[PDB]
>>> print(open('start00.txt').read())   # compact mmCIF, N, CA and C atoms
# COMPACT_ATOMS: atom_id res chain seq x y z
N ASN N 593 118.25 110.64 48.74
CA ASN N 593 119.60 111.15 48.98
C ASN N 593 119.82 111.42 50.46
N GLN N 594 118.82 111.96 51.15
CA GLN N 594 118.92 112.14 52.59
C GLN N 594 119.02 110.80 53.30
N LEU N 595 118.27 109.80 52.82
CA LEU N 595 118.37 108.46 53.38
C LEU N 595 119.77 107.89 53.19
N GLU N 596 120.38 108.13 52.03
CA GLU N 596 121.75 107.70 51.79
C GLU N 596 122.71 108.40 52.74
N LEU N 597 122.56 109.71 52.90
CA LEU N 597 123.47 110.46 53.77
C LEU N 597 123.33 110.03 55.22
N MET N 598 122.12 109.73 55.67
CA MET N 598 121.89 109.28 57.04
C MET N 598 122.10 107.78 57.19
N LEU N 599 122.36 107.07 56.10
CA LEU N 599 122.68 105.65 56.14
C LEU N 599 124.13 105.35 55.83
N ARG N 600 124.82 106.23 55.10
CA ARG N 600 126.26 106.10 54.92
C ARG N 600 127.04 106.51 56.15
N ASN N 601 126.41 107.22 57.08
CA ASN N 601 127.06 107.61 58.31
C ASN N 601 127.34 106.37 59.16
N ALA N 602 128.55 106.32 59.73
CA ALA N 602 129.06 105.06 60.26
C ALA N 602 128.25 104.55 61.45
N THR N 603 127.75 105.44 62.31
CA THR N 603 127.10 104.97 63.53
C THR N 603 125.80 104.23 63.26
N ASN N 604 125.18 104.45 62.10
CA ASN N 604 123.92 103.80 61.75
C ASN N 604 124.07 103.12 60.39
N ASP N 605 124.57 101.89 60.41
CA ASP N 605 124.75 101.09 59.21
C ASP N 605 124.16 99.71 59.44
N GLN N 606 123.78 99.06 58.34
CA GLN N 606 123.03 97.82 58.42
C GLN N 606 123.82 96.76 59.18
N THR N 607 123.12 96.04 60.06
CA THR N 607 123.70 94.98 60.87
C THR N 607 122.79 93.77 60.79
N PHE N 608 123.31 92.66 60.26
CA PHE N 608 122.53 91.45 60.06
C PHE N 608 123.17 90.29 60.80
N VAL N 609 122.33 89.41 61.34
CA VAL N 609 122.77 88.19 62.01
C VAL N 609 122.01 87.02 61.41
N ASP N 610 122.71 85.91 61.20
CA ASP N 610 122.07 84.71 60.69
C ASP N 610 121.05 84.21 61.70
N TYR N 611 119.86 83.86 61.20
CA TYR N 611 118.78 83.48 62.11
C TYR N 611 119.09 82.18 62.83
N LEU N 612 119.72 81.23 62.15
CA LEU N 612 120.04 79.96 62.80
C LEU N 612 120.93 80.18 64.01
N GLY N 613 121.92 81.06 63.89
CA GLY N 613 122.79 81.39 65.00
C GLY N 613 123.48 80.17 65.56
N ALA N 614 124.01 79.33 64.68
CA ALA N 614 124.58 78.06 65.10
C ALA N 614 125.70 77.68 64.14
N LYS N 615 126.91 77.49 64.67
CA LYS N 615 127.94 76.82 63.90
C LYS N 615 127.53 75.37 63.68
N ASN N 616 127.54 74.94 62.43
CA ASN N 616 126.97 73.66 62.04
C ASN N 616 128.09 72.66 61.86
N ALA N 617 128.02 71.55 62.59
CA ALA N 617 129.04 70.51 62.55
C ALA N 617 128.36 69.16 62.40
N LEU N 618 128.91 68.32 61.53
CA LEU N 618 128.40 66.98 61.30
C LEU N 618 129.47 65.98 61.74
N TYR N 619 129.13 65.14 62.71
CA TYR N 619 130.06 64.16 63.26
C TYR N 619 129.63 62.77 62.83
N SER N 620 130.53 62.06 62.16
CA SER N 620 130.20 60.75 61.63
C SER N 620 129.98 59.75 62.76
N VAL N 621 128.96 58.92 62.61
CA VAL N 621 128.67 57.83 63.53
C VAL N 621 128.48 56.57 62.70
N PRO N 622 129.38 55.59 62.78
CA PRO N 622 129.23 54.37 61.98
C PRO N 622 127.94 53.64 62.32
N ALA N 623 127.60 52.68 61.46
CA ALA N 623 126.29 52.05 61.52
C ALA N 623 126.03 51.41 62.88
N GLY N 624 126.84 50.42 63.24
CA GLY N 624 126.58 49.67 64.46
C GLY N 624 126.89 50.41 65.74
N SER N 625 127.70 51.46 65.66
CA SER N 625 128.15 52.14 66.87
C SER N 625 126.99 52.85 67.56
N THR N 626 127.05 52.87 68.89
CA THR N 626 126.02 53.48 69.72
C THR N 626 126.48 54.72 70.46
N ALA N 627 127.76 55.06 70.41
CA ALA N 627 128.30 56.17 71.17
C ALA N 627 129.13 57.08 70.27
N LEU N 628 129.18 58.35 70.63
CA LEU N 628 129.96 59.35 69.92
C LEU N 628 130.53 60.33 70.92
N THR N 629 131.78 60.73 70.71
CA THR N 629 132.45 61.71 71.55
C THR N 629 132.90 62.88 70.69
N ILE N 630 132.53 64.09 71.09
CA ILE N 630 132.85 65.31 70.37
C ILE N 630 133.82 66.10 71.24
N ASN N 631 135.11 65.99 70.95
CA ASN N 631 136.14 66.71 71.67
C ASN N 631 136.66 67.82 70.77
N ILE N 632 136.65 69.05 71.28
CA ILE N 632 137.10 70.21 70.51
C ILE N 632 138.01 71.07 71.39
N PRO N 633 138.99 71.77 70.81
CA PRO N 633 140.05 72.38 71.62
C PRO N 633 139.60 73.57 72.45
N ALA N 634 140.56 74.21 73.12
CA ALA N 634 140.26 75.35 73.97
C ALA N 634 139.74 76.52 73.14
N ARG N 635 138.75 77.21 73.70
CA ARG N 635 138.06 78.28 73.00
C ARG N 635 137.47 79.21 74.05
N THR N 636 137.23 80.46 73.66
CA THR N 636 136.81 81.47 74.62
C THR N 636 135.30 81.51 74.85
N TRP N 637 134.51 80.73 74.11
CA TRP N 637 133.07 80.55 74.36
C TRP N 637 132.37 81.87 74.66
N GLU N 638 132.84 82.96 74.06
CA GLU N 638 132.45 84.30 74.50
C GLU N 638 131.08 84.63 73.92
N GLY N 639 130.05 84.13 74.58
CA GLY N 639 128.69 84.42 74.15
C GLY N 639 127.97 83.24 73.54
N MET N 640 128.29 82.03 74.00
CA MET N 640 127.61 80.84 73.51
C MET N 640 126.14 80.87 73.88
N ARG N 641 125.29 80.50 72.92
CA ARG N 641 123.85 80.48 73.15
C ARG N 641 123.36 79.13 73.66
N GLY N 642 124.01 78.04 73.26
CA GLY N 642 123.62 76.73 73.72
C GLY N 642 123.97 75.67 72.70
N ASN B 593 127.16 64.99 120.08
CA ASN B 593 126.80 66.23 119.40
C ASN B 593 128.05 67.03 119.07
N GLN B 594 129.05 67.01 119.96
CA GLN B 594 130.35 67.58 119.62
C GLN B 594 130.97 66.85 118.44
N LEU B 595 130.97 65.52 118.49
CA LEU B 595 131.52 64.73 117.38
C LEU B 595 130.77 65.02 116.09
N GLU B 596 129.44 65.05 116.15
CA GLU B 596 128.68 65.31 114.94
C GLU B 596 128.87 66.75 114.47
N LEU B 597 129.21 67.66 115.38
CA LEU B 597 129.42 69.04 114.97
C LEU B 597 130.80 69.27 114.38
N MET B 598 131.81 68.51 114.83
CA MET B 598 133.10 68.58 114.17
C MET B 598 133.13 67.76 112.90
N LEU B 599 132.08 66.98 112.63
CA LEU B 599 131.94 66.28 111.35
C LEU B 599 131.02 67.01 110.39
N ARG B 600 130.13 67.87 110.89
CA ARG B 600 129.38 68.75 110.01
C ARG B 600 130.23 69.89 109.48
N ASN B 601 131.34 70.20 110.14
CA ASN B 601 132.23 71.24 109.66
C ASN B 601 132.80 70.83 108.31
N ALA B 602 132.74 71.75 107.35
CA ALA B 602 133.06 71.40 105.97
C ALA B 602 134.55 71.16 105.76
N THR B 603 135.41 71.75 106.59
CA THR B 603 136.84 71.52 106.43
C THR B 603 137.23 70.10 106.78
N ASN B 604 136.41 69.39 107.55
CA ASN B 604 136.66 68.00 107.93
C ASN B 604 135.38 67.18 107.75
N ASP B 605 135.19 66.68 106.53
CA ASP B 605 134.06 65.83 106.20
C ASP B 605 134.57 64.55 105.56
N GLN B 606 133.74 63.51 105.63
CA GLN B 606 134.16 62.19 105.19
C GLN B 606 134.51 62.19 103.71
N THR B 607 135.53 61.42 103.36
CA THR B 607 135.93 61.21 101.98
C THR B 607 136.17 59.72 101.77
N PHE B 608 135.56 59.15 100.74
CA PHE B 608 135.64 57.72 100.48
C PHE B 608 136.03 57.48 99.04
N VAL B 609 136.89 56.49 98.82
CA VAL B 609 137.34 56.10 97.50
C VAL B 609 136.98 54.64 97.28
N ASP B 610 136.70 54.29 96.03
CA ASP B 610 136.54 52.89 95.67
C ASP B 610 137.91 52.24 95.65
N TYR B 611 138.05 51.11 96.35
CA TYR B 611 139.37 50.50 96.48
C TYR B 611 139.92 50.07 95.13
N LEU B 612 139.05 49.56 94.26
CA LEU B 612 139.51 49.13 92.94
C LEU B 612 140.12 50.29 92.17
N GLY B 613 139.48 51.45 92.21
CA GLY B 613 140.01 52.62 91.53
C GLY B 613 140.23 52.39 90.06
N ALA B 614 139.28 51.73 89.39
CA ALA B 614 139.48 51.31 88.01
C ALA B 614 138.15 51.38 87.28
N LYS B 615 138.13 52.11 86.16
CA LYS B 615 136.99 52.02 85.26
C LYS B 615 137.00 50.67 84.57
N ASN B 616 135.83 50.06 84.46
CA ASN B 616 135.71 48.68 84.02
C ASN B 616 135.06 48.64 82.64
N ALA B 617 135.81 48.16 81.66
CA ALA B 617 135.34 48.04 80.29
C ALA B 617 135.53 46.61 79.82
N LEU B 618 134.49 46.03 79.23
CA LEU B 618 134.52 44.66 78.73
C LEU B 618 134.49 44.70 77.21
N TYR B 619 135.57 44.25 76.58
CA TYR B 619 135.71 44.28 75.13
C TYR B 619 135.56 42.87 74.59
N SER B 620 134.59 42.68 73.70
CA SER B 620 134.28 41.35 73.20
C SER B 620 135.42 40.82 72.34
N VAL B 621 135.72 39.54 72.52
CA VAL B 621 136.68 38.82 71.68
C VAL B 621 136.02 37.52 71.25
N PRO B 622 135.69 37.36 69.96
CA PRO B 622 135.02 36.13 69.53
C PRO B 622 135.91 34.90 69.64
N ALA B 623 135.36 33.74 69.29
CA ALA B 623 136.09 32.49 69.48
C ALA B 623 137.37 32.45 68.65
N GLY B 624 137.23 32.49 67.32
CA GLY B 624 138.39 32.32 66.46
C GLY B 624 139.36 33.48 66.47
N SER B 625 138.92 34.66 66.90
CA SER B 625 139.77 35.84 66.84
C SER B 625 140.93 35.73 67.81
N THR B 626 142.05 36.33 67.43
CA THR B 626 143.25 36.33 68.25
C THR B 626 143.76 37.73 68.56
N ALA B 627 143.11 38.78 68.06
CA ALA B 627 143.56 40.14 68.26
C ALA B 627 142.38 41.02 68.65
N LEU B 628 142.69 42.11 69.36
CA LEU B 628 141.68 43.06 69.80
C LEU B 628 142.28 44.46 69.80
N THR B 629 141.51 45.41 69.29
CA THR B 629 141.91 46.81 69.25
C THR B 629 141.00 47.62 70.16
N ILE B 630 141.60 48.38 71.07
CA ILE B 630 140.87 49.21 72.02
C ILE B 630 141.21 50.66 71.70
N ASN B 631 140.38 51.30 70.89
CA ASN B 631 140.50 52.73 70.63
C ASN B 631 139.59 53.52 71.56
N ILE B 632 140.06 54.70 71.96
CA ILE B 632 139.35 55.48 72.96
C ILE B 632 139.31 56.93 72.48
N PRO B 633 138.28 57.70 72.79
CA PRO B 633 138.24 59.10 72.36
C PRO B 633 139.27 59.94 73.09
N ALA B 634 139.44 61.17 72.59
CA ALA B 634 140.42 62.08 73.16
C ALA B 634 140.08 62.41 74.60
N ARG B 635 141.10 62.44 75.44
CA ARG B 635 140.91 62.56 76.88
C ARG B 635 142.18 63.13 77.48
N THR B 636 142.08 63.53 78.74
CA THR B 636 143.15 64.23 79.45
C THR B 636 143.97 63.34 80.37
N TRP B 637 143.39 62.25 80.87
CA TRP B 637 144.09 61.29 81.73
C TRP B 637 144.75 62.00 82.91
N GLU B 638 143.94 62.77 83.64
CA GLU B 638 144.39 63.70 84.67
C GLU B 638 144.44 63.00 86.02
N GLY B 639 145.47 62.18 86.19
CA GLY B 639 145.64 61.40 87.39
C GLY B 639 145.48 59.92 87.20
N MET B 640 145.68 59.41 85.99
CA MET B 640 145.47 58.00 85.73
C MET B 640 146.47 57.16 86.50
N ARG B 641 146.01 56.02 87.01
CA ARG B 641 146.84 55.15 87.82
C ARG B 641 147.53 54.05 87.03
N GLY B 642 146.99 53.67 85.88
CA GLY B 642 147.60 52.65 85.05
C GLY B 642 146.54 51.76 84.45
N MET T 1 146.32 101.76 56.97
CA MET T 1 147.02 101.67 58.25
C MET T 1 148.18 100.69 58.16
N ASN T 2 148.96 100.60 59.24
CA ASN T 2 150.08 99.69 59.34
C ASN T 2 149.75 98.59 60.34
N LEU T 3 149.88 97.34 59.91
CA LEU T 3 149.58 96.21 60.78
C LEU T 3 150.65 95.97 61.83
N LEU T 4 151.85 96.53 61.65
CA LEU T 4 152.87 96.42 62.68
C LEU T 4 152.50 97.24 63.91
N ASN T 5 151.79 98.35 63.72
CA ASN T 5 151.31 99.16 64.82
C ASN T 5 149.92 98.75 65.29
N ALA T 6 149.29 97.79 64.61
CA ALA T 6 147.97 97.34 65.01
C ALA T 6 148.04 96.58 66.33
N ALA T 7 147.00 96.74 67.14
CA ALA T 7 146.96 96.08 68.44
C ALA T 7 146.79 94.58 68.26
N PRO T 8 147.58 93.76 68.94
CA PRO T 8 147.46 92.31 68.78
C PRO T 8 146.25 91.76 69.53
N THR T 9 145.89 90.54 69.17
CA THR T 9 144.86 89.83 69.91
C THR T 9 145.37 89.47 71.30
N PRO T 10 144.55 89.60 72.33
CA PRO T 10 145.01 89.26 73.68
C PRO T 10 145.27 87.78 73.85
N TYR T 11 146.16 87.46 74.78
CA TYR T 11 146.40 86.08 75.20
C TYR T 11 145.45 85.73 76.33
N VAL T 12 144.54 84.80 76.08
CA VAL T 12 143.68 84.27 77.13
C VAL T 12 144.35 83.04 77.72
N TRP T 13 144.06 82.76 78.98
CA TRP T 13 144.71 81.69 79.71
C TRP T 13 143.83 80.45 79.77
N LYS T 14 144.47 79.30 79.95
CA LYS T 14 143.78 78.03 80.19
C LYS T 14 144.00 77.65 81.64
N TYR T 15 142.92 77.29 82.34
CA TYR T 15 143.01 77.10 83.78
C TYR T 15 143.46 75.70 84.18
N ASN T 16 143.04 74.66 83.46
CA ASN T 16 143.30 73.29 83.92
C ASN T 16 142.75 73.08 85.33
N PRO T 17 141.43 72.96 85.49
CA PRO T 17 140.85 72.94 86.84
C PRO T 17 141.29 71.78 87.72
N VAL T 18 141.61 70.62 87.17
CA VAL T 18 141.82 69.43 88.00
C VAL T 18 143.17 69.50 88.71
N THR T 19 144.26 69.69 87.97
CA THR T 19 145.54 69.85 88.65
C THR T 19 145.58 71.16 89.42
N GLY T 20 144.94 72.20 88.90
CA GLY T 20 144.98 73.52 89.48
C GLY T 20 146.06 74.42 88.93
N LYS T 21 147.09 73.85 88.31
CA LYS T 21 148.14 74.64 87.71
C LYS T 21 147.66 75.25 86.40
N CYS T 22 148.25 76.38 86.04
CA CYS T 22 147.93 77.02 84.77
C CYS T 22 148.27 76.08 83.61
N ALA T 23 147.36 75.97 82.65
CA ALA T 23 147.57 75.13 81.48
C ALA T 23 148.20 75.89 80.33
N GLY T 24 148.54 77.15 80.52
CA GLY T 24 149.16 77.95 79.48
C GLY T 24 148.25 79.07 79.02
N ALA T 25 148.66 79.69 77.92
CA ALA T 25 147.90 80.76 77.29
C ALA T 25 147.83 80.49 75.80
N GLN T 26 146.86 81.12 75.15
CA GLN T 26 146.70 80.97 73.72
C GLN T 26 146.30 82.31 73.12
N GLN T 27 146.60 82.46 71.83
CA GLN T 27 146.10 83.60 71.09
C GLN T 27 144.58 83.53 71.08
N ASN T 28 143.92 84.63 71.46
CA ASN T 28 142.47 84.57 71.65
C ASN T 28 141.75 84.50 70.32
N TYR T 29 141.90 83.38 69.61
CA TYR T 29 141.25 83.20 68.32
C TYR T 29 139.76 82.94 68.45
N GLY T 30 139.29 82.54 69.63
CA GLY T 30 137.89 82.19 69.78
C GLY T 30 136.95 83.38 69.65
N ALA T 31 137.47 84.59 69.82
CA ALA T 31 136.71 85.82 69.62
C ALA T 31 137.55 86.75 68.74
N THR T 32 137.41 86.59 67.43
CA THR T 32 138.13 87.40 66.46
C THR T 32 137.18 87.87 65.37
N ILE T 33 137.45 89.05 64.86
CA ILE T 33 136.62 89.67 63.83
C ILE T 33 137.25 89.41 62.46
N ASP T 34 136.40 89.13 61.47
CA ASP T 34 136.84 88.87 60.10
C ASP T 34 136.74 90.19 59.34
N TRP T 35 137.88 90.82 59.06
CA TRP T 35 137.87 92.20 58.59
C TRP T 35 138.76 92.52 57.40
N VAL T 36 139.61 91.61 56.94
CA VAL T 36 140.51 91.99 55.85
C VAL T 36 139.94 91.61 54.49
N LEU T 37 139.31 90.45 54.36
CA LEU T 37 138.74 90.08 53.07
C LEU T 37 137.41 90.78 52.82
N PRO T 38 136.47 90.82 53.79
CA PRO T 38 135.22 91.54 53.54
C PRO T 38 135.29 93.02 53.90
N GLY T 39 136.17 93.38 54.83
CA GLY T 39 136.12 94.70 55.45
C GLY T 39 136.89 95.80 54.75
N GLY T 40 138.16 95.56 54.44
CA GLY T 40 138.94 96.56 53.76
C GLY T 40 139.32 97.73 54.66
N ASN T 41 139.55 98.88 54.04
CA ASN T 41 140.09 100.03 54.76
C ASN T 41 139.10 100.55 55.80
N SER T 42 137.80 100.46 55.52
CA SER T 42 136.81 101.00 56.45
C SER T 42 136.75 100.19 57.74
N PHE T 43 136.98 98.88 57.67
CA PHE T 43 136.87 98.02 58.84
C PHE T 43 138.21 97.63 59.44
N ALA T 44 139.32 97.84 58.74
CA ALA T 44 140.62 97.61 59.36
C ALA T 44 140.82 98.53 60.55
N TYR T 45 140.48 99.81 60.38
CA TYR T 45 140.57 100.76 61.48
C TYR T 45 139.62 100.38 62.61
N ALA T 46 138.41 99.95 62.27
CA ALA T 46 137.44 99.56 63.29
C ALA T 46 137.93 98.37 64.09
N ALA T 47 138.46 97.35 63.41
CA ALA T 47 138.97 96.18 64.11
C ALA T 47 140.16 96.53 64.98
N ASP T 48 141.05 97.40 64.48
CA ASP T 48 142.17 97.84 65.30
C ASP T 48 141.69 98.57 66.54
N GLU T 49 140.71 99.46 66.38
CA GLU T 49 140.20 100.21 67.52
C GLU T 49 139.52 99.29 68.53
N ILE T 50 138.84 98.26 68.04
CA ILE T 50 138.25 97.28 68.95
C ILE T 50 139.33 96.53 69.70
>>> encode(input="start00.txt", output="structure tokens")
Amino acid sequence: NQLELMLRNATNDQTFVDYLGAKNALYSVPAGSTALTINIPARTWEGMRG
Amino acid sequence: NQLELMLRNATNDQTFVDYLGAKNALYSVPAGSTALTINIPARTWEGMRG
Amino acid sequence: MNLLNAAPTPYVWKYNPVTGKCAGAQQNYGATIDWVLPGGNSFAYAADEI
């Protein structure tokens, strides 16, 4: 019960992040083609990892 | 040395352009064919000459 | 809470580096919190305060 009271308090609540940490996108590349271009619109990139 | 020093100054340094000013792409057209489609990825065309 | 009094998302600008002129502004969707479907009343206030 004390754990609940000290865990229901807002400043200390569970925070989880996906381990992959990657938006996953699949871009089609036809069989014979050798080149691919990935153009995506304006975005704030606020904290990109790579 | 005066000439080389007024050319080392960054406000006045050499600038050279290719006279052709044209990206060169060769699109195959077989013998019997009479038509060709040139599709290109999304781009900004920021100063295109034609 | 009332969403009419909720603080809006900021407008971030687009620079357009090549021409140098401003390319406009956009609703800053690139950094937004998902708070109405998973969050509810506890996180609506948090998102507004953020």
>>> closest_residue(input="start00.txt", among="B:594, B:620, B:633, B:601", to="chain N", atoms="all atoms listed in the file")
B:633
>>> select_by_dssp(input="start00.txt", residues="chain T", states="strand (DSSP E)", output="MDAnalysis selection string")
chainID T and resid 11:14 24:27
>>> interface_residues(input="start00.txt", of="chain N", to="chain T", cutoff="6.5 Å", atoms="all atoms listed in the file", output="NGL selection string")
:N and (635-638)
>>> atom_distance(input="start00.txt", atom1="atom N of residue T:33", atom2="atom C of residue T:6")
13.1 Å
>>> atom_distance(input="start00.txt", atom1="atom CA of residue T:50", atom2="atom CA of residue T:23")
27.1 Å
>>> closest_residue(input="start00.txt", among="B:634, B:599, B:617, B:640", to="chain N", atoms="all atoms listed in the file")
B:634
>>> atom_distance(input="start00.txt", atom1="atom C of residue B:642", atom2="atom N of residue T:18")
19.7 Å
>>> calpha_fit_and_write(input="start00.txt", fixed="chain N", moving="chain B", output="tab-separated table (two decimals) with N, CA and C atoms, in the coordinates of the input")
chain	number	residue	atom	x	y	z
B	593	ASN	N	118.52	110.72	48.71
B	593	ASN	CA	119.90	111.11	48.99
B	593	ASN	C	120.06	111.43	50.47
B	594	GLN	N	119.04	112.03	51.09
B	594	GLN	CA	119.04	112.17	52.54
B	594	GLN	C	119.05	110.81	53.22
B	595	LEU	N	118.17	109.92	52.77
B	595	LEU	CA	118.13	108.56	53.35
B	595	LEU	C	119.46	107.86	53.16
B	596	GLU	N	120.03	107.94	51.96
B	596	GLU	CA	121.30	107.27	51.74
B	596	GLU	C	122.43	107.94	52.52
B	597	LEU	N	122.28	109.23	52.84
B	597	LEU	CA	123.32	109.90	53.60
B	597	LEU	C	123.22	109.63	55.09
B	598	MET	N	122.01	109.40	55.61
B	598	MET	CA	121.90	108.96	56.99
B	598	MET	C	122.17	107.48	57.14
B	599	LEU	N	122.31	106.76	56.03
B	599	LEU	CA	122.74	105.36	56.06
B	599	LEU	C	124.22	105.20	55.77
B	600	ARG	N	124.85	106.17	55.10
B	600	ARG	CA	126.29	106.17	54.98
B	600	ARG	C	126.97	106.58	56.27
B	601	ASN	N	126.26	107.25	57.17
B	601	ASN	CA	126.83	107.63	58.45
B	601	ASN	C	127.17	106.38	59.23
B	602	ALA	N	128.38	106.34	59.77
B	602	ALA	CA	128.89	105.11	60.36
B	602	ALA	C	128.21	104.77	61.68
B	603	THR	N	127.68	105.77	62.39
B	603	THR	CA	127.00	105.47	63.65
B	603	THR	C	125.70	104.72	63.43
B	604	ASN	N	125.13	104.78	62.23
B	604	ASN	CA	123.90	104.07	61.89
B	604	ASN	C	124.06	103.38	60.53
B	605	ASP	N	124.60	102.16	60.57
B	605	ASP	CA	124.77	101.35	59.38
B	605	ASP	C	124.14	99.99	59.62
B	606	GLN	N	123.81	99.32	58.52
B	606	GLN	CA	123.06	98.07	58.60
B	606	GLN	C	123.84	97.01	59.36
B	607	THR	N	123.12	96.21	60.13
B	607	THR	CA	123.69	95.08	60.84
B	607	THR	C	122.77	93.88	60.64
B	608	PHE	N	123.33	92.75	60.22
B	608	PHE	CA	122.55	91.56	59.91
B	608	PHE	C	123.14	90.36	60.62
B	609	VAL	N	122.27	89.50	61.13
B	609	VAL	CA	122.66	88.28	61.81
B	609	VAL	C	122.03	87.10	61.08
B	610	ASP	N	122.73	85.97	61.10
B	610	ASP	CA	122.14	84.73	60.61
B	610	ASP	C	121.13	84.25	61.63
B	611	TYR	N	119.91	83.95	61.18
B	611	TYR	CA	118.85	83.60	62.12
B	611	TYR	C	119.19	82.33	62.89
B	612	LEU	N	119.81	81.36	62.21
B	612	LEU	CA	120.16	80.11	62.88
B	612	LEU	C	121.12	80.37	64.04
B	613	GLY	N	122.11	81.22	63.83
B	613	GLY	CA	123.05	81.55	64.89
B	613	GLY	C	123.73	80.34	65.46
B	614	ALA	N	124.16	79.41	64.60
B	614	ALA	CA	124.68	78.13	65.06
B	614	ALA	C	125.78	77.68	64.12
B	615	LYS	N	126.96	77.40	64.68
B	615	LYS	CA	127.98	76.71	63.90
B	615	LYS	C	127.56	75.27	63.68
B	616	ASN	N	127.76	74.78	62.47
B	616	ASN	CA	127.22	73.50	62.05
B	616	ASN	C	128.35	72.49	61.87
B	617	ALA	N	128.34	71.45	62.69
B	617	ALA	CA	129.34	70.40	62.64
B	617	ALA	C	128.64	69.05	62.49
B	618	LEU	N	129.11	68.24	61.55
B	618	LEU	CA	128.55	66.92	61.29
B	618	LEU	C	129.55	65.87	61.74
B	619	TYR	N	129.18	65.09	62.75
B	619	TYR	CA	130.06	64.08	63.32
B	619	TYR	C	129.57	62.70	62.90
B	620	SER	N	130.45	61.95	62.24
B	620	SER	CA	130.06	60.66	61.68
B	620	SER	C	129.76	59.67	62.79
B	621	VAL	N	128.70	58.89	62.59
B	621	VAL	CA	128.35	57.77	63.47
B	621	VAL	C	128.09	56.56	62.59
B	622	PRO	N	128.95	55.54	62.64
B	622	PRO	CA	128.75	54.38	61.77
B	622	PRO	C	127.50	53.58	62.13
B	623	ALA	N	127.23	52.52	61.37
B	623	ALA	CA	125.99	51.77	61.56
B	623	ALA	C	125.93	51.14	62.95
B	624	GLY	N	126.86	50.22	63.24
B	624	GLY	CA	126.78	49.47	64.48
B	624	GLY	C	127.07	50.28	65.73
B	625	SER	N	127.75	51.42	65.58
B	625	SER	CA	128.15	52.20	66.75
B	625	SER	C	126.95	52.80	67.45
B	626	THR	N	127.08	52.93	68.77
B	626	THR	CA	126.02	53.50	69.59
B	626	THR	C	126.49	54.70	70.41
B	627	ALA	N	127.76	55.09	70.32
B	627	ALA	CA	128.29	56.18	71.10
B	627	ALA	C	129.13	57.09	70.21
B	628	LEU	N	129.23	58.36	70.63
B	628	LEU	CA	130.00	59.35	69.90
B	628	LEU	C	130.62	60.33	70.89
B	629	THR	N	131.89	60.64	70.66
B	629	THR	CA	132.63	61.59	71.49
B	629	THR	C	132.97	62.82	70.66
B	630	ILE	N	132.61	63.99	71.17
B	630	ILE	CA	132.86	65.26	70.49
B	630	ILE	C	133.83	66.05	71.36
B	631	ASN	N	135.11	65.93	71.07
B	631	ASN	CA	136.13	66.75	71.73
B	631	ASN	C	136.45	67.98	70.88
B	632	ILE	N	136.73	69.09	71.57
B	632	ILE	CA	136.91	70.35	70.88
B	632	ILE	C	138.15	71.03	71.46
B	633	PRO	N	138.90	71.81	70.69
B	633	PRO	CA	140.08	72.48	71.24
B	633	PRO	C	139.69	73.58	72.21
B	634	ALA	N	140.71	74.09	72.92
B	634	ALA	CA	140.49	75.12	73.92
B	634	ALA	C	139.94	76.38	73.28
B	635	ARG	N	138.97	76.98	73.95
B	635	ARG	CA	138.22	78.10	73.38
B	635	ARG	C	137.64	78.91	74.52
B	636	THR	N	137.14	80.09	74.18
B	636	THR	CA	136.66	81.07	75.15
B	636	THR	C	135.14	81.09	75.31
B	637	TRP	N	134.39	80.69	74.29
B	637	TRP	CA	132.93	80.62	74.34
B	637	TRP	C	132.34	81.95	74.80
B	638	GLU	N	132.73	83.02	74.10
B	638	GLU	CA	132.46	84.40	74.50
B	638	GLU	C	131.14	84.87	73.90
B	639	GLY	N	130.06	84.40	74.51
B	639	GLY	CA	128.73	84.70	74.04
B	639	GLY	C	127.98	83.53	73.48
B	640	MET	N	128.34	82.31	73.86
B	640	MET	CA	127.70	81.14	73.29
B	640	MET	C	126.24	81.08	73.68
B	641	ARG	N	125.40	80.65	72.74
B	641	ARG	CA	123.96	80.60	72.96
B	641	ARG	C	123.46	79.26	73.46
B	642	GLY	N	124.19	78.18	73.20
B	642	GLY	CA	123.79	76.87	73.67
B	642	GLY	C	124.08	75.83	72.61
>>> closest_atom_pairs(input="start00.txt", of="chain N", to="chain B", cutoff="9 Å", atoms="only C-alpha atoms", output="JSON lines")
{"residue": "N:628", "atom": "CA", "partner": "B:633", "partner_atom": "CA", "distance": 8.6}
{"residue": "N:629", "atom": "CA", "partner": "B:633", "partner_atom": "CA", "distance": 6.4}
{"residue": "N:630", "atom": "CA", "partner": "B:633", "partner_atom": "CA", "distance": 8.5}
{"residue": "N:631", "atom": "CA", "partner": "B:634", "partner_atom": "CA", "distance": 6.5}
>>> select_by_dssp(input="start00.txt", residues="chain T", states="alpha helix (DSSP H)", output="list in words")
residues 41, 42, 43, 44, 45, 46, 47, 48 and 49 of chain T
>>> decode(input="start00.txt", residues="stretch 22-26 of chain T", atoms="N, CA, C and O atoms", output="short mmCIF file (atom, residue, chain, number, x, y, z; two decimals), in the first residue's frame")
data_model
loop_
_atom_site.label_atom_id
_atom_site.label_comp_id
_atom_site.auth_asym_id
_atom_site.auth_seq_id
_atom_site.Cartn_x
_atom_site.Cartn_y
_atom_site.Cartn_z
N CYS T 22 12.27 33.01 -46.50
CA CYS T 22 11.48 32.13 -45.65
C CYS T 22 10.57 31.26 -46.50
O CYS T 22 9.91 31.74 -47.43
N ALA T 23 10.52 29.97 -46.19
CA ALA T 23 9.67 29.03 -46.91
C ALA T 23 8.30 28.88 -46.27
O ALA T 23 7.50 28.06 -46.74
N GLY T 24 8.01 29.64 -45.23
CA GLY T 24 6.72 29.59 -44.57
C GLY T 24 6.84 29.03 -43.16
O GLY T 24 7.92 28.88 -42.60
N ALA T 25 5.68 28.74 -42.59
CA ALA T 25 5.58 28.16 -41.27
C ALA T 25 4.61 26.99 -41.31
O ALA T 25 3.78 26.88 -42.22
N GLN T 26 4.71 26.12 -40.32
CA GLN T 26 3.82 24.97 -40.24
C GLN T 26 3.46 24.73 -38.78
O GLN T 26 4.18 25.12 -37.87
#
